[PDB]
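Undergrad: Next comes protein12.cif, mmCIF, C-alpha atoms and all ligand atoms:
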data_coords
loop_
_atom_site.group_PDB
_atom_site.id
_atom_site.type_symbol
_atom_site.label_atom_id
_atom_site.label_comp_id
_atom_site.auth_asym_id
_atom_site.auth_seq_id
_atom_site.Cartn_x
_atom_site.Cartn_y
_atom_site.Cartn_z
ATOM 1 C CA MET M 1 -132.268 127.512 24.558
ATOM 2 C CA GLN M 2 -133.424 127.599 28.180
ATOM 3 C CA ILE M 3 -131.681 127.682 31.554
ATOM 4 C CA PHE M 4 -133.040 127.859 35.101
ATOM 5 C CA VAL M 5 -132.025 130.141 37.982
ATOM 6 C CA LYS M 6 -132.741 129.270 41.602
ATOM 7 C CA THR M 7 -133.919 132.252 43.655
ATOM 8 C CA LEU M 8 -136.013 131.792 46.810
ATOM 9 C CA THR M 9 -135.889 128.383 48.456
ATOM 10 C CA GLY M 10 -137.780 126.095 46.109
ATOM 11 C CA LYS M 11 -138.384 128.750 43.449
ATOM 12 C CA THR M 12 -136.858 128.807 39.984
ATOM 13 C CA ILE M 13 -137.150 131.208 37.062
ATOM 14 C CA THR M 14 -136.599 130.256 33.425
ATOM 15 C CA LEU M 15 -134.495 132.369 31.059
ATOM 16 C CA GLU M 16 -134.159 132.509 27.268
ATOM 17 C CA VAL M 17 -130.451 132.492 26.424
ATOM 18 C CA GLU M 18 -127.904 131.565 23.783
ATOM 19 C CA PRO M 19 -124.677 129.596 24.343
ATOM 20 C CA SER M 20 -122.827 132.794 23.371
ATOM 21 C CA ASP M 21 -124.461 135.162 25.896
ATOM 22 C CA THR M 22 -122.161 136.679 28.494
ATOM 23 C CA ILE M 23 -122.755 136.647 32.225
ATOM 24 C CA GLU M 24 -123.485 140.386 32.138
ATOM 25 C CA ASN M 25 -126.144 139.672 29.499
ATOM 26 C CA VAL M 26 -127.752 136.989 31.673
ATOM 27 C CA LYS M 27 -127.828 139.305 34.702
ATOM 28 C CA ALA M 28 -129.562 141.841 32.459
ATOM 29 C CA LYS M 29 -132.284 139.277 31.627
ATOM 30 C CA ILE M 30 -132.672 138.599 35.350
ATOM 31 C CA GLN M 31 -133.113 142.323 36.006
ATOM 32 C CA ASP M 32 -135.734 142.583 33.244
ATOM 33 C CA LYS M 33 -137.669 139.593 34.650
ATOM 34 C CA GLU M 34 -137.168 139.966 38.448
ATOM 35 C CA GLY M 35 -136.183 143.561 39.146
ATOM 36 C CA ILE M 36 -132.812 142.828 40.778
ATOM 37 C CA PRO M 37 -130.025 145.244 39.728
ATOM 38 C CA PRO M 38 -127.118 143.412 38.083
ATOM 39 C CA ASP M 39 -124.631 144.840 40.601
ATOM 40 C CA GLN M 40 -126.529 142.996 43.312
ATOM 41 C CA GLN M 41 -126.451 139.669 41.499
ATOM 42 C CA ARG M 42 -123.889 136.930 42.003
ATOM 43 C CA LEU M 43 -124.476 133.868 39.788
ATOM 44 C CA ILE M 44 -123.124 130.412 40.647
ATOM 45 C CA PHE M 45 -122.839 127.298 38.501
ATOM 46 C CA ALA M 46 -121.290 123.998 39.559
ATOM 47 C CA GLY M 47 -119.756 125.581 42.627
ATOM 48 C CA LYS M 48 -118.151 128.579 40.892
ATOM 49 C CA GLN M 49 -119.008 132.257 40.896
ATOM 50 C CA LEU M 50 -119.443 133.378 37.297
ATOM 51 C CA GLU M 51 -117.439 136.280 35.855
ATOM 52 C CA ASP M 52 -119.347 138.979 33.994
ATOM 53 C CA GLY M 53 -117.212 138.788 30.852
ATOM 54 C CA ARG M 54 -117.249 135.054 30.204
ATOM 55 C CA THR M 55 -120.078 133.268 28.415
ATOM 56 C CA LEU M 56 -122.348 130.328 29.075
ATOM 57 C CA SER M 57 -120.061 128.438 26.684
ATOM 58 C CA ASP M 58 -116.899 129.122 28.689
ATOM 59 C CA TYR M 59 -118.615 127.681 31.780
ATOM 60 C CA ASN M 60 -120.079 124.688 29.885
ATOM 61 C CA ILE M 61 -123.632 125.827 30.665
ATOM 62 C CA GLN M 62 -126.006 123.901 28.394
ATOM 63 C CA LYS M 63 -129.746 123.607 27.935
ATOM 64 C CA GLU M 64 -131.762 122.949 31.110
ATOM 65 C CA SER M 65 -128.741 123.805 33.269
ATOM 66 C CA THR M 66 -129.495 125.437 36.618
ATOM 67 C CA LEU M 67 -127.720 128.480 38.070
ATOM 68 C CA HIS M 68 -128.106 129.760 41.616
ATOM 69 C CA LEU M 69 -128.716 133.461 42.209
ATOM 70 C CA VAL M 70 -127.249 135.026 45.359
ATOM 71 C CA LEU M 71 -127.901 138.636 46.384
ATOM 72 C CA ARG M 72 -124.764 140.628 47.230
ATOM 73 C CA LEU M 73 -125.892 143.632 49.255
ATOM 74 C CA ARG M 74 -124.122 146.578 50.841
ATOM 75 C CA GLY M 75 -124.148 146.828 54.591
ATOM 76 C CA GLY M 76 -125.983 149.837 56.015
ATOM 77 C CA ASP D 425 -125.729 116.706 38.137
ATOM 78 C CA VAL D 426 -122.278 116.878 39.696
ATOM 79 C CA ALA D 427 -122.877 120.574 39.094
ATOM 80 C CA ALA D 428 -125.821 120.698 41.501
ATOM 81 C CA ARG D 429 -123.837 119.033 44.264
ATOM 82 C CA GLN D 430 -120.804 121.308 43.843
ATOM 83 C CA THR D 431 -123.135 124.311 44.215
ATOM 84 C CA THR D 432 -124.916 122.855 47.217
ATOM 85 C CA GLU D 433 -121.535 122.289 48.854
ATOM 86 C CA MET D 434 -120.312 125.792 48.062
ATOM 87 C CA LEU D 435 -123.425 127.288 49.623
ATOM 88 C CA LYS D 436 -123.059 125.077 52.672
ATOM 89 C CA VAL D 437 -119.549 126.410 53.171
ATOM 90 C CA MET D 438 -120.691 130.009 52.723
ATOM 91 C CA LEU D 439 -123.383 129.519 55.355
ATOM 92 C CA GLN D 440 -120.956 127.855 57.794
ATOM 93 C CA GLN D 441 -118.371 130.607 57.391
ATOM 94 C CA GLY D 442 -120.891 133.347 57.878
ATOM 95 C CA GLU D 443 -120.488 134.664 54.342
ATOM 96 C CA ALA D 444 -124.093 134.104 53.439
ATOM 97 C CA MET D 445 -127.465 133.437 54.968
ATOM 98 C CA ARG D 446 -131.078 132.949 53.917
ATOM 99 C CA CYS D 447 -133.305 135.979 54.143
ATOM 100 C CA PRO D 448 -135.569 135.056 57.076
ATOM 101 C CA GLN D 449 -138.705 136.348 55.319
ATOM 102 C CA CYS D 450 -138.335 135.314 51.633
ATOM 103 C CA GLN D 451 -135.535 132.708 51.859
ATOM 104 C CA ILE D 452 -133.300 133.998 49.076
ATOM 105 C CA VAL D 453 -129.566 133.612 49.768
ATOM 106 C CA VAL D 454 -127.963 136.980 50.677
ATOM 107 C CA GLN D 455 -124.314 138.099 51.203
ATOM 108 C CA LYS D 456 -123.122 141.339 52.847
ATOM 109 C CA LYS D 457 -120.508 143.442 51.075
ATOM 110 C CA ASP D 458 -118.927 145.961 53.469
ATOM 111 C CA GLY D 459 -120.712 148.431 55.724
ATOM 112 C CA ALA D 460 -122.301 147.917 59.117
ATOM 113 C CA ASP D 461 -123.933 144.900 60.836
ATOM 114 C CA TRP D 462 -127.200 144.926 58.897
ATOM 115 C CA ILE D 463 -128.613 144.734 55.378
ATOM 116 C CA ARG D 464 -132.023 145.214 53.772
ATOM 117 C CA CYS D 465 -133.297 142.411 51.508
ATOM 118 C CA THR D 466 -133.904 143.652 47.968
ATOM 119 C CA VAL D 467 -136.713 141.212 47.316
ATOM 120 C CA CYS D 468 -138.865 141.744 50.392
ATOM 121 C CA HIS D 469 -137.365 144.792 52.177
ATOM 122 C CA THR D 470 -136.826 142.926 55.449
ATOM 123 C CA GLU D 471 -134.105 144.341 57.640
ATOM 124 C CA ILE D 472 -131.576 141.648 58.562
ATOM 125 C CA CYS D 473 -129.229 141.677 61.533
ATOM 126 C CA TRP D 474 -126.003 140.316 60.075
ATOM 127 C CA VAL D 475 -124.113 139.922 63.327
ATOM 128 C CA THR D 476 -126.772 137.488 64.695
ATOM 129 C CA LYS D 477 -127.738 136.173 61.185
ATOM 130 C CA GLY D 478 -131.427 136.762 61.788
ATOM 131 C CA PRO D 479 -134.228 139.285 61.492
ATOM 132 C CA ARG D 480 -133.664 142.739 62.977
ATOM 133 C CA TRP D 481 -137.335 143.131 63.902
ATOM 134 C CA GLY D 482 -140.575 141.280 64.561
ATOM 135 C CA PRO D 483 -143.472 141.027 62.138
ATOM 136 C CA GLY D 484 -144.548 144.651 62.658
ATOM 137 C CA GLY D 485 -141.435 145.813 60.849
ATOM 138 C CA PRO D 486 -138.912 148.465 61.998
ATOM 139 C CA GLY D 487 -139.550 149.364 65.629
ATOM 140 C CA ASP D 488 -141.184 146.056 66.496
ATOM 141 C CA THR D 489 -139.077 144.455 69.230
ATOM 142 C CA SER D 490 -141.618 141.654 69.805
ATOM 143 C CA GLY D 491 -139.223 139.599 67.686
ATOM 144 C CA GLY D 492 -135.862 139.912 66.026
ATOM 145 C CA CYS D 493 -132.516 140.518 67.673
ATOM 146 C CA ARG D 494 -133.782 143.222 70.097
ATOM 147 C CA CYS D 495 -130.496 145.099 70.000
ATOM 148 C CA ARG D 496 -130.352 147.574 72.906
ATOM 149 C CA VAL D 497 -133.687 146.663 74.460
ATOM 150 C CA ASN D 498 -133.077 147.294 78.195
ATOM 151 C CA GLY D 499 -129.654 148.542 77.106
ATOM 152 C CA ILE D 500 -128.273 145.165 75.998
ATOM 153 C CA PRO D 501 -126.613 144.854 72.589
ATOM 154 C CA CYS D 502 -127.724 141.935 70.450
ATOM 155 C CA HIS D 503 -124.161 140.592 70.189
ATOM 156 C CA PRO D 504 -120.875 141.589 71.834
ATOM 157 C CA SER D 505 -119.352 142.432 68.439
ATOM 158 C CA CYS D 506 -122.311 144.532 67.226
ATOM 159 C CA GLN D 507 -121.326 148.099 66.208
ATOM 160 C CA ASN D 508 -124.524 149.038 64.385
ATOM 161 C CA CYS D 509 -127.266 146.618 63.305
ATOM 162 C CA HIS D 510 -129.676 149.523 62.849
ATOM 163 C CA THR R 431 -151.857 157.877 17.263
ATOM 164 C CA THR R 432 -152.064 154.169 16.382
ATOM 165 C CA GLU R 433 -148.463 154.255 15.100
ATOM 166 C CA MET R 434 -147.165 155.553 18.440
ATOM 167 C CA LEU R 435 -149.309 153.002 20.273
ATOM 168 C CA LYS R 436 -147.634 150.261 18.255
ATOM 169 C CA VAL R 437 -144.247 151.529 19.498
ATOM 170 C CA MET R 438 -145.338 151.824 23.158
ATOM 171 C CA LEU R 439 -146.437 148.178 23.062
ATOM 172 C CA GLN R 440 -143.159 147.320 21.346
ATOM 173 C CA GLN R 441 -141.201 149.189 24.047
ATOM 174 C CA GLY R 442 -143.266 148.115 27.088
ATOM 175 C CA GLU R 443 -144.984 151.497 27.778
ATOM 176 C CA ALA R 444 -148.267 149.709 27.119
ATOM 177 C CA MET R 445 -149.512 146.163 27.591
ATOM 178 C CA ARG R 446 -152.531 144.079 26.646
ATOM 179 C CA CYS R 447 -155.171 143.670 29.285
ATOM 180 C CA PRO R 448 -154.784 140.174 30.779
ATOM 181 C CA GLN R 449 -158.571 139.546 30.687
ATOM 182 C CA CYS R 450 -159.839 141.351 27.563
ATOM 183 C CA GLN R 451 -156.572 141.794 25.551
ATOM 184 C CA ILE R 452 -157.250 145.459 24.633
ATOM 185 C CA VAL R 453 -154.266 147.855 24.713
ATOM 186 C CA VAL R 454 -153.712 149.468 28.121
ATOM 187 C CA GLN R 455 -151.277 152.416 28.376
ATOM 188 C CA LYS R 456 -149.041 152.989 31.388
ATOM 189 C CA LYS R 457 -150.262 155.128 34.266
ATOM 190 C CA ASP R 458 -147.006 156.775 35.300
ATOM 191 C CA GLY R 459 -146.324 156.376 39.014
ATOM 192 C CA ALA R 460 -148.914 153.642 39.508
ATOM 193 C CA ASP R 461 -148.201 149.953 40.045
ATOM 194 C CA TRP R 462 -151.882 149.040 39.442
ATOM 195 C CA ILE R 463 -154.378 149.932 36.753
ATOM 196 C CA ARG R 464 -158.056 149.133 36.360
ATOM 197 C CA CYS R 465 -158.910 148.307 32.749
ATOM 198 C CA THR R 466 -161.279 150.902 31.279
ATOM 199 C CA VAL R 467 -163.153 148.288 29.187
ATOM 200 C CA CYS R 468 -163.516 145.141 31.285
ATOM 201 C CA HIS R 469 -162.666 146.759 34.696
ATOM 202 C CA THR R 470 -160.258 143.993 35.685
ATOM 203 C CA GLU R 471 -157.376 144.832 38.062
ATOM 204 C CA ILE R 472 -153.928 144.777 36.437
ATOM 205 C CA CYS R 473 -150.573 144.590 38.209
ATOM 206 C CA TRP R 474 -148.570 146.923 36.008
ATOM 207 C CA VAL R 475 -145.316 146.393 37.798
ATOM 208 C CA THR R 476 -145.333 142.649 36.922
ATOM 209 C CA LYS R 477 -147.375 143.162 33.684
ATOM 210 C CA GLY R 478 -150.012 140.639 34.600
ATOM 211 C CA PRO R 479 -153.346 140.146 36.319
ATOM 212 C CA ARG R 480 -153.492 141.347 39.911
ATOM 213 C CA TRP R 481 -155.815 138.453 40.856
ATOM 214 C CA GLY R 482 -157.064 135.028 39.889
ATOM 215 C CA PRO R 483 -160.405 134.432 38.133
ATOM 216 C CA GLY R 484 -162.331 134.856 41.368
ATOM 217 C CA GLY R 485 -161.626 138.595 41.417
ATOM 218 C CA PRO R 486 -160.160 140.773 44.156
ATOM 219 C CA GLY R 487 -158.727 138.719 46.975
ATOM 220 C CA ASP R 488 -158.336 135.560 44.896
ATOM 221 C CA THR R 489 -154.651 134.671 45.174
ATOM 222 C CA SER R 490 -155.161 131.432 43.282
ATOM 223 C CA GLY R 491 -153.776 133.481 40.373
ATOM 224 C CA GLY R 492 -152.343 136.954 39.849
ATOM 225 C CA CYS R 493 -149.190 138.449 41.277
ATOM 226 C CA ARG R 494 -149.931 137.458 44.905
ATOM 227 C CA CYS R 495 -148.404 140.674 46.275
ATOM 228 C CA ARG R 496 -147.934 140.588 50.084
ATOM 229 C CA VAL R 497 -148.773 136.898 50.473
ATOM 230 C CA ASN R 498 -146.486 135.614 53.230
ATOM 231 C CA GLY R 499 -145.069 139.121 53.486
ATOM 232 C CA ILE R 500 -143.410 138.980 50.046
ATOM 233 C CA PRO R 501 -144.027 141.852 47.573
ATOM 234 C CA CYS R 502 -144.848 140.851 43.998
ATOM 235 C CA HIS R 503 -141.742 142.645 42.658
ATOM 236 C CA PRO R 504 -138.834 144.451 44.355
ATOM 237 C CA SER R 505 -139.967 147.769 42.847
ATOM 238 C CA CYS R 506 -143.596 147.463 43.832
ATOM 239 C CA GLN R 507 -144.822 150.220 46.099
ATOM 240 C CA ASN R 508 -148.514 149.460 46.010
ATOM 241 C CA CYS R 509 -150.310 147.286 43.451
ATOM 242 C CA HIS R 510 -153.506 147.236 45.584
HETATM 243 CL CL CL L 601 -137.981 144.801 58.831
HETATM 244 ZN ZN ZN L 602 -136.062 138.746 51.608
HETATM 245 ZN ZN ZN L 603 -128.851 142.851 65.865
HETATM 246 ZN ZN ZN L 604 -126.948 144.870 67.323
HETATM 247 ZN ZN ZN L 605 -159.649 144.527 30.034
HETATM 248 ZN ZN ZN L 606 -148.510 143.067 41.872
HETATM 249 ZN ZN ZN L 607 -147.178 144.450 44.318
#
What do you get writing this file as C-alpha cells?

TA:
Amino acid sequence: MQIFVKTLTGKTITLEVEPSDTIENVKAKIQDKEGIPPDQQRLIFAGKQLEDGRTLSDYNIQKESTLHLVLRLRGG
Amino acid sequence: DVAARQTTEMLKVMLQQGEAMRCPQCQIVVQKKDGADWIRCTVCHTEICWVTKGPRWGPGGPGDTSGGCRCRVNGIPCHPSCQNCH
Amino acid sequence: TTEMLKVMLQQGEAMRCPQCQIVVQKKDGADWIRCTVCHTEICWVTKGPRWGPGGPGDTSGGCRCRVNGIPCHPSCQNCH
C-alpha cells in the first residue's frame, strides 16, 4: 500500500509500505528517498509521535494515510 | 480526517511553546534537541537562530548581517537570553 | 563484466540514463555526470535528470537544485 509524508510546507512524499512495517523501517525508507538520517526524524500521526518499535498497524495507519515529518536537530 | 486535525493542533501547540518552528528558508518543521541557541537545517543548510526563532543570517549566508538576528552587531546580543547563536 | 554491471544496477552503483536509458556507472565523489552517449546532464545524487527537456537552465523539470535556495538533496555538494 501507499502512505504520504508531509515535509516542507505544501510538499508531500509517497512511500511504499506494508501494514506490518515498523516505524524504524519507515524512517529507513524516508532516508533512502530524501536523505534525512533516521535519528533526525520524528514522525507524527493523528497528533502522536510514533515510536520506532511499533508498526503502522499498531497506530491504525491505513492506505492513503498522511504522516508529518519533523526534523529533530542537535543544537550547535 | 480527525487525524489531520489532531496533528495540526499538536503542531500549533509546539510552535506556541517554542518547541518547534518552520525553517525560514525551506519551511520544514524543525525541533532543537539540546546544545546552544542555534541549529543548522538538514535540508537546506540554513543556520537558524533558535532564541529569536528566525534566520541567523541574511541571504549571503554566514557572515551576512544584512538580515537575520544580527547578534552582537554594534555589541548588542540578539536576545537577552542568548548564550551562543553562532 | 556484464554480470557485475547487472549487480551494480541492482545495488544502485549504476543507473539508466534518464534520456537515452543506457547504463551509466557512478562517478565516485561527483553529484553530476554527463552521459557519454547522449551527453545529457544527470543528477546522480537524486538519480534523475538534472534539467527539463529544454536543457541546461530549464527548471521546468529535473532536480531544480538551488531554486529558491533549496538544494536538490541534503547530501548534494554540487550537481552543477
Ligand atoms: Cl545561513
Ligand atoms: Zn531548511
Ligand atoms: Zn541570534
Ligand atoms: Zn544571539
Ligand atoms: Zn544518455
Ligand atoms: Zn541535483
Ligand atoms: Zn544538487

Undergrad: Using all atoms listed in the file, what does the table of chain D residues within 12 Å of ligand ZN 604 (chain L) look like, with each row giving the shortest atom pair and its distance in Å to one decimal, sorted by chain and ascending number, as JSON lines?

TA:
{"residue": "D:460", "atom": "CA", "partner": "L:ZN604", "partner_atom": "ZN", "distance": 9.9}
{"residue": "D:461", "atom": "CA", "partner": "L:ZN604", "partner_atom": "ZN", "distance": 7.2}
{"residue": "D:462", "atom": "CA", "partner": "L:ZN604", "partner_atom": "ZN", "distance": 8.4}
{"residue": "D:472", "atom": "CA", "partner": "L:ZN604", "partner_atom": "ZN", "distance": 10.4}
{"residue": "D:473", "atom": "CA", "partner": "L:ZN604", "partner_atom": "ZN", "distance": 7.0}
{"residue": "D:474", "atom": "CA", "partner": "L:ZN604", "partner_atom": "ZN", "distance": 8.6}
{"residue": "D:475", "atom": "CA", "partner": "L:ZN604", "partner_atom": "ZN", "distance": 7.0}
{"residue": "D:476", "atom": "CA", "partner": "L:ZN604", "partner_atom": "ZN", "distance": 7.8}
{"residue": "D:477", "atom": "CA", "partner": "L:ZN604", "partner_atom": "ZN", "distance": 10.7}
{"residue": "D:478", "atom": "CA", "partner": "L:ZN604", "partner_atom": "ZN", "distance": 10.8}
{"residue": "D:479", "atom": "CA", "partner": "L:ZN604", "partner_atom": "ZN", "distance": 10.9}
{"residue": "D:480", "atom": "CA", "partner": "L:ZN604", "partner_atom": "ZN", "distance": 8.3}
{"residue": "D:481", "atom": "CA", "partner": "L:ZN604", "partner_atom": "ZN", "distance": 11.1}
{"residue": "D:492", "atom": "CA", "partner": "L:ZN604", "partner_atom": "ZN", "distance": 10.3}
{"residue": "D:493", "atom": "CA", "partner": "L:ZN604", "partner_atom": "ZN", "distance": 7.1}
{"residue": "D:494", "atom": "CA", "partner": "L:ZN604", "partner_atom": "ZN", "distance": 7.6}
{"residue": "D:495", "atom": "CA", "partner": "L:ZN604", "partner_atom": "ZN", "distance": 4.5}
{"residue": "D:496", "atom": "CA", "partner": "L:ZN604", "partner_atom": "ZN", "distance": 7.1}
{"residue": "D:497", "atom": "CA", "partner": "L:ZN604", "partner_atom": "ZN", "distance": 10.0}
{"residue": "D:499", "atom": "CA", "partner": "L:ZN604", "partner_atom": "ZN", "distance": 10.8}
{"residue": "D:500", "atom": "CA", "partner": "L:ZN604", "partner_atom": "ZN", "distance": 8.8}
{"residue": "D:501", "atom": "CA", "partner": "L:ZN604", "partner_atom": "ZN", "distance": 5.3}
{"residue": "D:502", "atom": "CA", "partner": "L:ZN604", "partner_atom": "ZN", "distance": 4.4}
{"residue": "D:503", "atom": "CA", "partner": "L:ZN604", "partner_atom": "ZN", "distance": 5.9}
{"residue": "D:504", "atom": "CA", "partner": "L:ZN604", "partner_atom": "ZN", "distance": 8.2}
{"residue": "D:505", "atom": "CA", "partner": "L:ZN604", "partner_atom": "ZN", "distance": 8.1}
{"residue": "D:506", "atom": "CA", "partner": "L:ZN604", "partner_atom": "ZN", "distance": 4.7}
{"residue": "D:507", "atom": "CA", "partner": "L:ZN604", "partner_atom": "ZN", "distance": 6.6}
{"residue": "D:508", "atom": "CA", "partner": "L:ZN604", "partner_atom": "ZN", "distance": 5.6}
{"residue": "D:509", "atom": "CA", "partner": "L:ZN604", "partner_atom": "ZN", "distance": 4.4}
{"residue": "D:510", "atom": "CA", "partner": "L:ZN604", "partner_atom": "ZN", "distance": 7.0}

Undergrad: Once you count all atoms listed in the file, which residues end up within 9 Å of ligand ZN 602 (chain L), and could you hand them over as JSON, numbers by chain?

TA: {"M": [8], "D": [446, 447, 448, 449, 450, 451, 452, 453, 454, 464, 465, 466, 467, 468, 469, 470, 471, 472], "R": [500]}

Undergrad: Would you save the residues of that selection, restricted to C-alpha atoms, as a tab-separated table (two decimals), in the coordinates of the input?

TA:
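Output file part-v6.tsv is given in full below:
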chain	number	residue	atom	x	y	z
M	8	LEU	CA	-136.01	131.79	46.81
D	446	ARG	CA	-131.08	132.95	53.92
D	447	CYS	CA	-133.30	135.98	54.14
D	448	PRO	CA	-135.57	135.06	57.08
D	449	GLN	CA	-138.71	136.35	55.32
D	450	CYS	CA	-138.34	135.31	51.63
D	451	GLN	CA	-135.54	132.71	51.86
D	452	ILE	CA	-133.30	134.00	49.08
D	453	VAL	CA	-129.57	133.61	49.77
D	454	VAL	CA	-127.96	136.98	50.68
D	464	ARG	CA	-132.02	145.21	53.77
D	465	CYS	CA	-133.30	142.41	51.51
D	466	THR	CA	-133.90	143.65	47.97
D	467	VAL	CA	-136.71	141.21	47.32
D	468	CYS	CA	-138.86	141.74	50.39
D	469	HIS	CA	-137.36	144.79	52.18
D	470	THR	CA	-136.83	142.93	55.45
D	471	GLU	CA	-134.10	144.34	57.64
D	472	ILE	CA	-131.58	141.65	58.56
R	500	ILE	CA	-143.41	138.98	50.05

Undergrad: Enumerate residues in contact with ligand ZN 607 (chain L): an atom-to-atom distance of at most 8 Å, counting only C-alpha atoms and all ligand atoms. Format the result as a PyMOL selection string.

TA: chain R and resi 461+473+475-476+493-496+501-503+506-510

Undergrad: Store the residues picked out above, limited to C-alpha atoms, as a tab-separated table (two decimals), keeping the file's coordinate frame.

TA:
chain	number	residue	atom	x	y	z
R	461	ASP	CA	-148.20	149.95	40.04
R	473	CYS	CA	-150.57	144.59	38.21
R	475	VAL	CA	-145.32	146.39	37.80
R	476	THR	CA	-145.33	142.65	36.92
R	493	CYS	CA	-149.19	138.45	41.28
R	494	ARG	CA	-149.93	137.46	44.90
R	495	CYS	CA	-148.40	140.67	46.28
R	496	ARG	CA	-147.93	140.59	50.08
R	501	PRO	CA	-144.03	141.85	47.57
R	502	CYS	CA	-144.85	140.85	44.00
R	503	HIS	CA	-141.74	142.65	42.66
R	506	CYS	CA	-143.60	147.46	43.83
R	507	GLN	CA	-144.82	150.22	46.10
R	508	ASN	CA	-148.51	149.46	46.01
R	509	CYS	CA	-150.31	147.29	43.45
R	510	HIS	CA	-153.51	147.24	45.58

Undergrad: Counting all atoms listed in the file, which residue out of R:439, R:460, R:465, R:483 sits closest to ligand ZN 606 (chain L)?

TA: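 Once distances to ligand ZN 606 (chain L) are computed over all atoms listed in the file, the minimum belongs to R:460.
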
Undergrad: As a list in words, could you give me every residue of chain M near chain R (at most 12 Å apart, counting only C-alpha atoms)?

TA: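 That gives the following set of residues: residues 8, 31, 32, 33, 34, 35, 36 and 37 of chain M.
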
Undergrad: Quick one: residues within 10 Å of stretch 41-55 of chain M, only C-alpha atoms counted, chain neighbours fewer than 4 positions away excluded, as a PyMOL selection string?

TA: (chain M and resi 5-6+18-28+30-31+36-37+59-61+65-73) or (chain D and resi 425-435+454-455)

Undergrad: Atom CA of residue M:38 and atom CA of residue M:13 are how many Å apart?

TA: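 Atom-to-atom, atom CA of residue M:38 to atom CA of residue M:13, that is 15.8 Å.
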
Undergrad: Could you list, as number ranges by chain, all residues that come within 10 Å of ligand ZN 605 (chain L)? Count only C-alpha atoms and all ligand atoms.

TA: R: 446-454, 464-472, 479

Undergrad: Output as lines of an AutoDock Vina configuration file the centre and edge lengths (Å, one decimal) of the box along x, y and z of the file that holds every listed atom of stretch 429-440 of chain D after adding 3 Å on each side.

TA:
center_x = -122.2
center_y = 124.5
center_z = 50.8
size_x = 11.4
size_y = 17.0
size_z = 20.0

Undergrad: If you measure from atom CA of residue R:491 to atom CA of residue R:478, what distance in Å do you get, rounded to one decimal?

TA: 9.9 Å

Undergrad: Quick check, in Å to one decimal: how far apart do atom CA of residue D:443 and atom CA of residue D:457 lie?

TA: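 It comes out at 9.4 Å.
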
Undergrad: Just checking: using only C-alpha atoms and all ligand atoms, which residue out of D:489, D:482, D:459, D:498 ends up closest to ligand CL 601 (chain L)?

TA: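 Of the candidates, the smallest distance to ligand CL 601 (chain L) is held by D:482.
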
Undergrad: Considering all atoms listed in the file, can you say which of D:487, D:445, D:438, D:463 comes closest to chain M?

TA: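 Closest candidate: D:463.
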
Undergrad: Counting only C-alpha atoms and all ligand atoms, which of R:484, R:499, R:492, R:442 gets nearest to ligand CL 601 (chain L)?

TA: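 Under the stated criterion, the closest residue is R:499.
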
Undergrad: Would you mind putting back N, CA, C and O atoms on stretch 59-69 of chain M, then writing it out as a CSV table (one decimal), in the frame of the given file?

TA:
chain,number,residue,atom,x,y,z
M,59,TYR,N,-118.3,128.4,30.6
M,59,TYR,CA,-118.6,127.7,31.8
M,59,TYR,C,-119.3,126.4,31.5
M,59,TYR,O,-119.8,125.7,32.4
M,60,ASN,N,-119.5,126.0,30.2
M,60,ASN,CA,-120.1,124.7,29.9
M,60,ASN,C,-121.5,124.6,30.4
M,60,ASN,O,-122.0,123.6,30.9
M,61,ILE,N,-122.2,125.7,30.3
M,61,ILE,CA,-123.6,125.8,30.7
M,61,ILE,C,-124.5,125.5,29.4
M,61,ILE,O,-124.5,126.3,28.5
M,62,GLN,N,-125.2,124.4,29.5
M,62,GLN,CA,-126.0,123.9,28.4
M,62,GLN,C,-127.5,124.0,28.7
M,62,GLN,O,-127.9,124.5,29.8
M,63,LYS,N,-128.3,123.5,27.8
M,63,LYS,CA,-129.7,123.6,27.9
M,63,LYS,C,-130.3,122.8,29.2
M,63,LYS,O,-129.8,121.7,29.5
M,64,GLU,N,-131.2,123.5,29.9
M,64,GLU,CA,-131.8,122.9,31.1
M,64,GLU,C,-130.8,123.0,32.3
M,64,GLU,O,-131.1,122.5,33.4
M,65,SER,N,-129.6,123.6,32.1
M,65,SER,CA,-128.7,123.8,33.3
M,65,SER,C,-129.4,124.7,34.3
M,65,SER,O,-130.4,125.4,34.0
M,66,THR,N,-128.9,124.7,35.5
M,66,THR,CA,-129.5,125.4,36.6
M,66,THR,C,-128.4,126.2,37.3
M,66,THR,O,-127.4,125.6,37.8
M,67,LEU,N,-128.6,127.5,37.3
M,67,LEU,CA,-127.7,128.5,38.1
M,67,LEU,C,-128.4,128.8,39.4
M,67,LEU,O,-129.6,128.7,39.6
M,68,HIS,N,-127.6,129.3,40.3
M,68,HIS,CA,-128.1,129.8,41.6
M,68,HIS,C,-127.8,131.2,41.8
M,68,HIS,O,-126.7,131.7,41.6
M,69,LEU,N,-128.9,132.0,42.0
M,69,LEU,CA,-128.7,133.5,42.2
M,69,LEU,C,-128.6,133.7,43.7
M,69,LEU,O,-129.4,133.3,44.5
